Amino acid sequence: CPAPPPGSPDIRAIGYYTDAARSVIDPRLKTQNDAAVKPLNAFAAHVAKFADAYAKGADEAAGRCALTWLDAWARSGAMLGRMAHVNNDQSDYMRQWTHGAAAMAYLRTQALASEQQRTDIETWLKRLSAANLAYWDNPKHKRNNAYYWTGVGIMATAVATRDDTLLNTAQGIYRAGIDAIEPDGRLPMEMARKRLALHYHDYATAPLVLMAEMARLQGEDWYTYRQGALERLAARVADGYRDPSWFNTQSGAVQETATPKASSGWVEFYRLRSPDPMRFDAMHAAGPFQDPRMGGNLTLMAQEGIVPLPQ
């Protein structure tokens, strides 16, 4: 188990969108944001890799390594300090995404935690939850897909610590996303993203599906909430990768040519749930899907279960 890197209290990230619709990328800004957020993304990638390795079985050491990394960042109060707002709110988004990855890793490996690791890690995860939730008390922050993504870390924290009030907090975020889906399946704030409209409908679906899967671990069936709406949005995403003409006319821009990847792996879970699974065949075939911000290997988790059976 390699030594965990420093886990700084602060985050000073860099926005890289230049147009009001946030669909035009500034490459120098993006390359430079990649350097600023490197330790956060490397921490997320490593813990998810350890949790994946633990989930294969016969590799308890990998699970304990993830817990060693999570404890080190809990003990240094990683990401609980100052968030710089320069160009936009990329720092707050990094705290959200990285909290989710850390919380999913803990949820997947916590069966191996010592008592001290549980105290440290769970306290750190609940303070991250509170800080990420408080960011959205400002109504000037539009609750697009970044709000839904904030639910990931809150939800995984709630399940891992059996924290029912935090569970209900995540439920309100999931229900807000479902309630924003229009009868034709549009999410207006994602459809405002021009050539990235399809990309961001995909991106909005991913944390909603992952939260719904996690709710099953607490005996709740969030898929029935306004049953119909999630399927309508997910089917539009699948249709869009097959042929983008609906997103072209709805967004007013020819969609970027991108294939499904990373967080598109929500389809691995959702195809086992949909009233029309075959629509997701091409999306499935573009896998396997890995996203550290979603707990790691989504292809394997959809078939194994998010949490490995304890040894």
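Residue indices: 1-based, along the sequence shown.
In this crystal structure, the stretch out of 228 to 236 and 91 to 99 whose C-alpha atoms carry the higher mean B factor is 91 to 99. Mean CA temperature factor is higher for 240 to 248 when stretches 240 to 248 and 44 to 52 are set side by side in the entry.
Looking only at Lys30, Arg279, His284, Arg273, the residue with the top Cα B factor in the deposited structure is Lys30. Among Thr169, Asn145, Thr157, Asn138, the highest C-alpha B-factor recorded in the PDB entry belongs to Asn138. Per-chain ranking of the deposited C-alpha B factor places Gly265 in the lowest third. The entry lists a Cα temperature factor for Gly81 that places it in the highest third of the chain's modelled residues. Among the modelled residues of the chain, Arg175 sits in the lowest third by CA temperature factor in this PDB entry. Ranked within its chain, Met189 lands in the middle third, by CA B factor from the PDB record. In the PDB entry, a CA B factor belonging to the lowest third of its chain's modelled residues is recorded for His201.
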